[PDB]
Enquirer: 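Just passing along the structure, written as structure tokens.
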Number of protein chains: 2
Amino acid sequence: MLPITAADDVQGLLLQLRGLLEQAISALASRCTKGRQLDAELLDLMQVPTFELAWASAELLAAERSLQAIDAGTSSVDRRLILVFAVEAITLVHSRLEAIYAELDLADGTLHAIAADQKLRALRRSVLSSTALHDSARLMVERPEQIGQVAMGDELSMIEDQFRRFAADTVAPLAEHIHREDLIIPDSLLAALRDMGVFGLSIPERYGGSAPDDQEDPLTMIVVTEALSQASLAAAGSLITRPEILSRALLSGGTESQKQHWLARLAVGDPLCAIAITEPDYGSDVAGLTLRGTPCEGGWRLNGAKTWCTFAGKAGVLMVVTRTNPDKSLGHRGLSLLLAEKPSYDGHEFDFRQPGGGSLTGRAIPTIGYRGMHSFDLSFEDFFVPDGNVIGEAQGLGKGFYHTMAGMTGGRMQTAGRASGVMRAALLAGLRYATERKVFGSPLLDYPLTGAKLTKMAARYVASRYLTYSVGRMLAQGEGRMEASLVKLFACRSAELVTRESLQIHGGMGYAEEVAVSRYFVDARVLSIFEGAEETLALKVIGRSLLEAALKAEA
Amino acid sequence: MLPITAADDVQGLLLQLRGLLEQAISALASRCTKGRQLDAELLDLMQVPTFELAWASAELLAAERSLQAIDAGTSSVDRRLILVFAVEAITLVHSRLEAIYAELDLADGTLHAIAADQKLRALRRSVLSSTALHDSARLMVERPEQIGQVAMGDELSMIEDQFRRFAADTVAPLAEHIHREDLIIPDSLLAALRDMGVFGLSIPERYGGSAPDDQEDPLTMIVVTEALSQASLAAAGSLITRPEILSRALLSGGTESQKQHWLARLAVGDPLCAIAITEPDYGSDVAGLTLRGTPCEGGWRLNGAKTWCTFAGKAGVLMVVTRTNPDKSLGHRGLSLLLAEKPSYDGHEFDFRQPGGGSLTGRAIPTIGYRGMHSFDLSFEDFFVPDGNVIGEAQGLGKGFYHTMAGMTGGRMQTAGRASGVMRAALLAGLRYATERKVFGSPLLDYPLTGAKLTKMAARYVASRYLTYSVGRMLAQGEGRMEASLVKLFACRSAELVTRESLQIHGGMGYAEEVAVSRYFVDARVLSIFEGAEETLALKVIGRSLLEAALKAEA
Ligand SMILES: C[C@@H](CC(=O)O)C(=O)SCCNC(=O)CCNC(=O)[C@H](O)C(C)(C)COP(=O)(O)OP(=O)(O)OC[C@H]1O[C@@H](n2cnc3c(N)ncnc32)[C@H](O)[C@@H]1OP(=O)(O)O
Ligand SMILES: C[C@@H](CC(=O)O)C(=O)SCCNC(=O)CCNC(=O)[C@H](O)C(C)(C)COP(=O)(O)OP(=O)(O)OC[C@H]1O[C@@H](n2cnc3c(N)ncnc32)[C@H](O)[C@@H]1OP(=O)(O)O
Ligand SMILES: Cc1cc2nc3c(=O)[nH]c(=O)nc-3n(C[C@H](O)[C@H](O)[C@H](O)COP(=O)(O)OP(=O)(O)OC[C@H]3O[C@@H](n4cnc5c(N)ncnc54)[C@H](O)[C@@H]3O)c2cc1C
Ligand SMILES: Cc1cc2nc3c(=O)[nH]c(=O)nc-3n(C[C@H](O)[C@H](O)[C@H](O)COP(=O)(O)OP(=O)(O)OC[C@H]3O[C@@H](n4cnc5c(N)ncnc54)[C@H](O)[C@@H]3O)c2cc1C
């Protein structure tokens, strides 16, 4: 058993670190301001402490939200794992703050005090001891269903049970063959997911979805995403992502008739949709996209390329960020969202010739993982899009950036769920293998180094999941815009770490394509790149918001 | 330019950390001692601080050996990069010692003194500042040839130049297709490598190779390995590995007639060889292997399984660790090295029947990377091996564990070179992409976060390379047995970290199979698993040796 004082000691130390973190943010905010406003040039100059402060903030908030969750219903497993991560987070955040304080020339006496604190040393010796980590690992093997048991009502809990059963029965048997043969998602699996309601979780009931009309709770979308992603990230969990992004764009900027026509159809996968933002020369820099839209009678003709457009072959509609104004001096103000319609194709390339002479061609890009929808290089040549298919119609012209960003918040929240499911798959596989594999006379699980790795893996998984559900509740209340990107950043890198470590526990087995953890590892690597690359999120969403809020508070 | 006094400040801080690390090794050795001798049970109990002490020792030695190498000829790049890594290592090792000192219940007042040293804060602000890291990045782009330019000698530098030219012109254009189609290494490439001498670098001249007759200098082996590995880990850099292990085993335990017969043939690739140690139930635990050899007239019948046997299809001879003695409690003393001869096969499976009816079948194991040679599950069924193919003939029976371990010393040295070559490839790829890709109006290189990542990648590559060459010089003087495992552990994990970061710098491009860094990433993941998995080496070679040395010194 852990000391009875551990939770209080952890909370006190995290609050001390939060004070130091907030002091560094204000110090940095002053070094980035010129004339009462953040300065783009100084922000670029100060990227290194900005990046480190974004990561320190993610780890701090993961530890706090996890610790705040401990109540009378928390499982015995989770109580131990939450404290493990919180003690680790104390040292992680302290380490970053020492580097940040040095770079910003701040006094570090208080940081030295925290490191020499006798309570921190006692926590290392009790919560992070080799026997305590080993005991937590044995407890996980005894009751794996208690790992990450976040608070849900019975309804959400039964939705989880149904989708875990479906993912295990129907998705998991197909996951390896889809990856190794780079197959498009079978129609049978698409039909099943459609009838489970997987395309309408983000869409209000009044537009033919299943989300209640008066509210915006993402927790249902998150729980289904997690269950499906555990079985297959790309072939099941990621089918939710495109409707999430495009429903949010249509709700942000569509007219009533566009919301009525499109959202009802997207909810039943007819048509399936794909997101066409990224271009060969622009991915992080959405404001700079150049795919050209030129007005003709009754609509637009599009010319240029898109790339990495996932599911573009099978999709019947594309959400295309289009530069509709030739004046490049407008930046993002020259962008509009256009709905390009196309036939549905099952292959790795397609060549669609329109009536008026336009064309759209596509060729899939082979990837190390994330396989099953394909991601395509697209070429638009005088491709026609009618006026009606401009999201927002006439008033949507020049506002495509705002509606894209609205979609991205939902996408990143959902991507935290995707990372969570991949982590749970990797964790359970490592726990199972450690129990079954014998080395030097005993099950691998019985060795203290194995216990420590498994408990640290689980602690990170669990802290990521409690943070994910916390941000979901923030979004349900109209808050947490920045925090969706923070938990995306935290969970997606955590998926890399957890999958790497699970693979290692497997030994050579972890490297074989016939062993699922090899696939979880190459799949997880994409999570920190797409949907907002880690650095872009840390600098231009998380770091920017932290500094803006410090400026205002001290104005 | 960095401060002039930085080198002495860093040296003084590393010397303090070494003292604390040596005290912790003594403390741990006492904890593991029962009756004047290390106890297996206590060692198992204390795995966690053993693992952490092994890692801290590797980071310490990498920093020390790099610093010790700075002289008048050291490039301007390397003088910077070596200080970068050395300052990082001070904080890495200090951090590990905090965990170790708490776990062993040691007084930690001196660790607090080091963390609060004003010399350390000044090193952070001068050597690890955003501007100094960015400066080093731009200098690397101007002078890429200065990165990691270890003192070599004219003859060795010339050999490096020649193999780099060949690797760029002949191997690199083939590497993507071999990986993406899981192709056997093409014979045209094998023949060209054969005639460059790639199979005879560790075979003495008097036995038909190119190595010195009196000395055992591994630096030529390393430098060719690095250059080939930069172009392809599995299709070129790894062709040196099997002859390095087998020739070393034959030099250790073969009879004069076996050395004369086998080494001259191996040196020209007639036959190619493959190493058959690992079994389905045993990889780390070589002493436990159970493939069975039963005596018969004129030789041995082999029965059982091997697995992960790389290049087993194409190789005409397998070096097979065989349990020739029925008393399994002999552990390693019941093992012998038997040379199993077979036709050459280029496919993913093979079925060989001897004229007497004995059988050897093989089926390749598909992997996420390291593709080209294939790794096979092998089944031996009454497979005959003549008396003359026991390494050592009669006197080699029961001695095969010793000769295998001797082989693995050279293998792990060679594998540190393989890791070095992959790191150089990933680093140069990341440097190039950062100069070419523009984001938000400027080349990616111009952003301080990019400079900091590139410079930290390069400082780790360089410290690993200077350590690799230092250990090679130790092997040349009959020392460095344990350090071969230590530098393999350090360099192989470092390849994971460098390739993950290089891929991140490429963004989505890094995930495409038509982009080399995606391949370097999945290849580098193998390095910390095979040739002695990181945990096995940390615990049973590095940690054990450190603890044994501390016992012997206190008696
Ligand atoms: C489908 C998935 C793959 C898969 O799963 O298969 C994918 O991969 S799919 C592609 C994902 N692609 C990205 O992830 C793009 C990442 N890159 C960005 O996201 C932005 O480009 C960054 C963060 C760089 C900032 O760009 P930035 O600095 O240039 O723009 P900014 O922040 O300064 O603001 C400009 C104006 O938009 C207003 N604005 C800002 N945020 C919001 C918001 N949330 N809602 C409404 N308005 C907003 C702002 O208030 C300004 O308004 P105004 O000043 O004009 O009035
Ligand atoms: C080809 C490549 C892939 C590719 O590239 O395509 C590969 O992947 S290929 C497969 C790689 N597979 C490994 O890498 C095995 C890892 N696992 C081991 O290496 C050992 O199993 C460990 C480290 C666990 C220790 O095993 P352990 O603890 O049970 O044995 P131990 O240390 O206690 O020593 C017992 C007796 O061997 C003597 N001894 C020890 N070391 C040496 C030495 N260096 N030279 C001579 N004698 C030695 C020792 O002095 C004892 O002698 P005695 O006391 O009996 O007289
Ligand atoms: C499998 C896969 C599927 C995808 N699916 C889709 C899809 O369906 N629809 C779609 O539109 N896109 C999709 N993407 C694109 C994804 O969103 C982008 O890859 C992501 O936005 C990063 O953009 P980029 O690749 O152009 O990298 P870049 O923008 O070129 O940036 C490269 C590197 O520099 C960093 N960086 C960027 N800006 C700065 C800066 N100012 N300072 C310092 N560092 C910076 C980035 O974090 C990154 O590490 C997919 C990508 C992949 C690999
Ligand atoms: C692509 C590939 C190519 C290979 N090429 C060859 C070849 O050519 N010839 C050959 O003989 N072998 C080869 N190998 C085998 C490789 O050397 C082994 O995988 C390696 O020795 C690890 O053994 P293992 O896979 O059985 O893992 P295990 O021994 O089962 O161990 C699993 C995990 O537990 C850890 N562990 C082991 N023991 C302990 C302990 N006592 N305490 C705590 N942790 C422990 C290990 O570090 C590992 O992380 C290859 C493997 C791969 C993947």
Side-chain angles (χ1 to χ4, degrees), chain A residues 12-33 38 42-43 45-61 63-64 88-117 119-120 538-539 542-544 546-547 549-551 553-554, chain B residues 2-3 6 9-10 13 83-84 86-95 97-98 108 111-134 448-449 451-453 455-456:
Chain A
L13 289 160
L14 287 174
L15 181 60
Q16 300 175 41
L17 291 167
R18 173 155 207 102
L20 292 175
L21 173 78
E22 293 170 354
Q23 294 279 36
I25 288 174
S26 321
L28 179 58
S30 280
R31 293 267 274 289
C32 296
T33 174
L38 288 182
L42 295 177
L43 288 168
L45 190 67
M46 305 296 295
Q47 292 189 332
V48 165
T50 300
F51 181 80
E52 286 295 320
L53 275 182
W55 261 112
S57 300
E59 293 165 334
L60 178 69
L61 191 62
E64 289 168 339
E88 291 179 293
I90 290 164
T91 67
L92 295 176
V93 166
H94 175 270
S95 188
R96 300 185 190 273
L97 290 177
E98 269 193 307
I100 291 151
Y101 269 53
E103 182 75 7
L104 298 181
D105 202 18
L106 307 179
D108 55 358
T110 309
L111 279 175
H112 301 344
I114 289 167
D117 190 336
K119 296 220 256 176
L120 171 57
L539 298 174
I542 300 158
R544 172 172 297 153
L546 294 176
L547 301 173
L551 281 206
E554 317 168 3
Chain B
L2 312 169
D9 287 352
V10 166
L13 285 165
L83 279 177
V84 170
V87 176
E88 294 183 289
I90 291 174
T91 64
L92 285 179
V93 173
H94 173 283
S95 194
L97 288 171
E98 280 188 319
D108 59 359
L111 285 164
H112 301 330
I114 297 179
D117 197 332
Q118 282 300 286
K119 299 275 177 281
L120 172 58
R121 194 184 110 109
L123 289 164
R124 291 172 124 110
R125 304 198 63 230
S126 56
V127 174
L128 295 185
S129 68
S130 180
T131 54
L133 295 174
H134 214 175
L449 180 62
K453 291 161 153 219
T455 292
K456 297 197 317 188

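Computed from heavy atoms alone, side chains included, the values below leave out hydrogens, waters and symmetry copies. Numbered from 1 within each chain, the chains take letters A, B, ... in sequence-line order.
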Enquirer: Salt bridge (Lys or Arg N to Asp or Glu O under 4.0 Å) with B:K453: which residues, sequence neighbours excluded?
Expert: A:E535
Enquirer: Roughly how far, to the nearest 0.5 Å, is CG of A:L546 from OG of A:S57?
Expert: 5.0 Å
Enquirer: Is there a side-chain contact between B:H112 and A:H112 in this structure, where contact means two heavy atoms from C-beta onward sitting under 4.5 Å apart?
Expert: no
Enquirer: Given the rule in the salt bridge (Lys or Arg N to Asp or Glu O under 4.0 Å) test, do A:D105 and A:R31 qualify, once you have shown the distances and angles that lead to the verdict?
Expert: CA-CA 11 Å; A:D105 202 18; A:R31 293 267 274 289; over 6 Å; no
Enquirer: Evaluate the side-chain proximity of B:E88 to B:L128: yes if any heavy-atom separation is below 4.5 Å, no if none is.
Expert: yes
Enquirer: Treating B:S126 as the side-chain partner and B:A122 as the backbone partner, does any N or O pair qualify as donor plus acceptor under 3.5 Å?
Expert: yes
Enquirer: Just jot down the side chain to side chain contact (heavy atoms under 4.5 Å, CB included) partners of B:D117, sequence neighbours excluded, or say none.
Expert: B:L13, B:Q16, B:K119, B:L120
Enquirer: Can you give the donor-acceptor pairs under 3.5 Å from side chains of residues 47-55 of chain A to other protein atoms, not counting sequence neighbours?
Expert:
residue	atom	partner	partner atom	Å
A:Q47	OE1	B:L449	N	3.0
A:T50	OG1	A:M46	O	2.9
A:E52	OE1	A:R96	NH1	3.1
A:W55	NE1	A:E534	OE2	3.0

Enquirer: Can you tell me if A:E103 and B:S129 form a side-chain donor-acceptor pair at under 3.5 Å?
Expert: no
Enquirer: Just jot down the side chain to side chain contact (heavy atoms under 4.5 Å, CB included) partners of B:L111, sequence neighbours excluded, or say none.
Expert: B:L20, B:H94, B:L97, B:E98, B:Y101, B:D108
Enquirer: List for me each residue that meets side chain to side chain contact (heavy atoms under 4.5 Å, CB included) alongside A:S95, sequence neighbours excluded, and say none if there are none.
Expert: none
Enquirer: Who are the side chain to side chain contact (heavy atoms under 4.5 Å, CB included) partners of B:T455, not counting sequence neighbours?
Expert: B:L81, B:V84, B:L133, B:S136, B:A137, B:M140
Enquirer: Give a yes or no answer on whether the side chain of B:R124 reaches the backbone of A:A102 with a donor-acceptor pair at less than 3.5 Å.
Expert: no
Enquirer: State, to 0.1 Å, how close A:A24 and A:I100 come at their nearest heavy-atom pair, and which atoms those are.
Expert: CB-CG2, 4.0 Å
